[PDB]
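The lines below spell out each chain.
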Amino acid sequence: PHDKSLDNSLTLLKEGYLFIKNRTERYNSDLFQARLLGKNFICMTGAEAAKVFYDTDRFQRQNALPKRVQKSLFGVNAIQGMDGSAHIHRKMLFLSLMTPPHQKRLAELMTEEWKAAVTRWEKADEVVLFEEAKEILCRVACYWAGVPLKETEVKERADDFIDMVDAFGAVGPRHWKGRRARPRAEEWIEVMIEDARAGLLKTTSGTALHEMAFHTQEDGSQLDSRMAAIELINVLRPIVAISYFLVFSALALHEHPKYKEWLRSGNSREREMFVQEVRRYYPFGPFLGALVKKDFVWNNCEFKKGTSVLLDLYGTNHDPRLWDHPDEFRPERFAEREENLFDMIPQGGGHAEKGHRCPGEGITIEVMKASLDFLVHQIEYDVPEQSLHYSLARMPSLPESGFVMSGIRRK
Ligand code: HEM
């Protein structure tokens, strides 16, 4: 099927997470063609398309997405744009820092921070969960990575990281805030990388700052200080970005009260199912870009070498073929469901060690579970009249008010 509009890029800006879905539904097909972001594109959705998208002998990420994305969210020529052994090699560096022990450490640091914040929250009239989450996550990420963070800069650094994330799907001022923040963060961290290499800043083996600073490539040389800052930033920024999920989770608890008592008398199992349903239900990761390496035929369609492709993440996560009542928030849908690396992909599909799948999934899950637990057992609060609406046409999305909590009290 072929969409002939000449304003698809603009249409994409207006539809956000619904661009692809609106069309895979209008053409009654898992894929379609279109001129987007200056190139010929094939958009596809579904778990099977996902399997094809993650087949590395047919798809490469090099030169896939616009530079405007590198200059804002990811950093220029970072791991997101790599392929082959070089990608795998650096991918192992990220994974070694995101294993169960690290996931555990971070969720526990987050847990002690949430508890310490209670004393402060009780005295406040209102609290904006999104802002609280940002600063706390930033403070934890840095501490855990071994990155020095002064009390008077937590706010600024936290905001810089968010400006980066909030700039990939926009034009105008939103994109510019990210375009300026990235340079401030990379510089801040590059000096750190350099002092560590000279032993002027204490670093600890096994921590992100250290590992990024001393990592060696396939040719045996270490990354340019700047690339090491970028790659370390590709660890700190994402963690801070967990803020959006934390807000969505709290919003799910408020929008679907029945589950509150459910989790409160349940265990780690209930929290795990609620946490998964939040990652599946709400929008965060839009879609991914890849480049067709060689000509191949799939689904009776021919993919020419060089054509660009977008894999719909939001849409696949809401595919009725995989999810009964996809558009309903139902944590119980996760009770006893054999794992599958392609049916749900809010943070990518496939194998993390074999492809570009997000290596921070475990951390994302454990931090959300820890944060959910805190909101369920540790405190009591009100959700005053506010705008909780979250647009599906804005990437990333977030409840307008950022989730405001008042009359907070320890439980
Ligand atoms: C907060 C929500 C998060 C979302 C929704 C998210 C989403 C994603 C997506 C969709 C990709 C691309 C997958 C692909 O290209 O196939 C990805 C990659 C990545 N994420 Fe996540 N992520 C998040 C959190 C985290 C955390 C907390 C960390 C660090 C602890 C992290 C580190 C990374 C890295 C390094 C990559 C690049 C991997 C590669 O290219 O091989 N992420 N993530």
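Cut-offs applied
Residues numbered from 1 in each chain as written, not as in the entry; some residues may be left out. Heavy atoms only, no water. Pairing = 2+ DSSP bridges. Helix = DSSP H or I, 4+ residues; strand = E, 2+ residues; numbered from the N terminus. Axes fitted to C-alpha atoms, helices over the stretch in contact; angles between N-to-C directions. Contact = heavy atoms within 4.5 Å. Donors = N, O, S within 2.8 Å, 3.2 Å for Na, K, Ca; no water. Buried < 20%, exposed > 50% of the residue type's maximum accessible area, 1.4 Å probe, protein only. Polar contact = N/O pair within 3.5 Å; in protein donor to acceptor, adjacent residues only side chain to side chain. Salt bridge = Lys/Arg side-chain N within 4 Å of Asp/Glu carboxyl O. 1 Å grid on protein atoms, 1.4 Å probe; cavity = no way out; pocket = protein on both sides within 12 Å on 5 of 7 lines; lining within 4 Å. Points joined across faces, edges and corners; volume = space filled by probe spheres on them. Nonpolar A, V, L, I, M, F, W, Y, C, P; charged D, E, K, R; others polar.

Method of determination, as annotated in the archive: X-ray crystallography, at 2.37 Å resolution.

Asks: I'd like to hear about the sheet that holds strand 4 (residues 126–128), residue by residue, with values.
Replies: The strand order 4-10-9 describes an open sheet built from three strands, whose pairing is antiparallel. At either end of the open sheet lies a strand with only one pairing partner, and these are strand 4 and strand 9 (379–382). The sheet shows a mean angle of 50 degrees between the axes of neighbouring strands, direction not considered. The pairing of strand 4 with strand 10 (residues 404–410) spans three bridges and is classified as antiparallel. Looking across to strand 10, one finds that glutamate 126 is bridged to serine 406. In this fold helix 7 (residues 129–145) packs onto strand 4 and strand 10, with an angle of close to 60 degrees to the strand it touches most, strand 4.

Asks: Please set out unusual backbone geometry residue by residue, giving values where relevant.
Replies: The residue after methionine 395, namely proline 396, is reached through a cis peptide bond having omega 0 degrees. In this structure, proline 396 sits in the loop between strand 9 and strand 10. Positive phi, close to 55 degrees, is recorded for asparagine 300, a residue that is not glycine. Following the sequence through the fold, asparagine 300 ends up in the loop between strand 6 (296–298) and strand 7 (301–303).

Asks: An account of the side chain of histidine 102 is requested, with residue identities and associated values reported.
Replies: Along the chain, the position of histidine 102 falls in helix 6 (residues 100–123). Other than its neighbours up to four places away in sequence, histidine 102 contacts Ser96, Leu97, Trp144 and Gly206.

Asks: So what about the coordination of the iron atom of the ligand? Which residues, and what values?
Replies: Where a metal carries four tetrahedral donors, each ideal angle is 109.5 degrees; where it carries six octahedral donors, the ideal angles are 90 or 180 degrees. You will see that the iron atom of the ligand has only one donor from the protein, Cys358 (SG), lying 2.2 Å away. Structurally, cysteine 358 is set in the loop between helix 15 (313–317) and helix 16 (361–378).

Asks: Tell me about the environment of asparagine 340, residues and numbers included.
Replies: Considering the arrangement of structural elements, one finds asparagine 340 in the loop between helix 15 and helix 16. Taking the relative accessible area as the measure of exposure, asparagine 340 reaches 32% and is therefore partly exposed. Each C-alpha atom of the pair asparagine 340 and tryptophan 121 lies 40 Å from the other, and the pair is 219 residues apart in sequence. At a separation of 2.7 Å, a polar atom in the side chain of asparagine 340 contacts the main-chain amide nitrogen of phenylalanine 342. Looking at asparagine 340, its side chain comes within polar contact range of the main-chain nitrogen of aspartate 343, at 2.8 Å.

Asks: Tell me about the pattern of salt bridges, and name the residues and values.
Replies: For the structure on display, the rule yields 33 salt bridges. Residues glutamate 186 and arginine 226 are paired through a salt bridge, measuring 2.8 Å at the closest nitrogen-oxygen approach. With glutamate 186 in helix 9 (residues 173–197) and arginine 226 in helix 11 (residues 225–241), this pair connects stretches of sequence that are 40 residues apart. Exposure remark for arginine 226: the relative accessible area of 33% places this residue in the partly exposed category. A salt bridge links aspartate 319 to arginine 321, with the nearest nitrogen and oxygen atoms 2.7 Å apart. Classification of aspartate 319 as buried rests on a relative accessible area of 7%. Connected through shared salt-bridge partners, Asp3, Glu15, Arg23 and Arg26 make up one network.

Asks: Tell me what's going on with the layout of surface pockets, and back it up with residues and numbers.
Replies: Taken as a whole, the second largest pocket holds about 460 Å³ of empty space. Lining the second largest pocket are 20 residues, and of these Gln276, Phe334, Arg337, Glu339 and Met344 sit closest to its centre. Taken together, the elements giving at least two residues each to the lining of the second largest pocket come down to helix 14 (268–281) and helix 16. It is helix 14 that contributes the most residues to the lining of the second largest pocket, five residues altogether. In terms of residue class, the lining of the second largest pocket is built from seven nonpolar, three polar and 10 charged.

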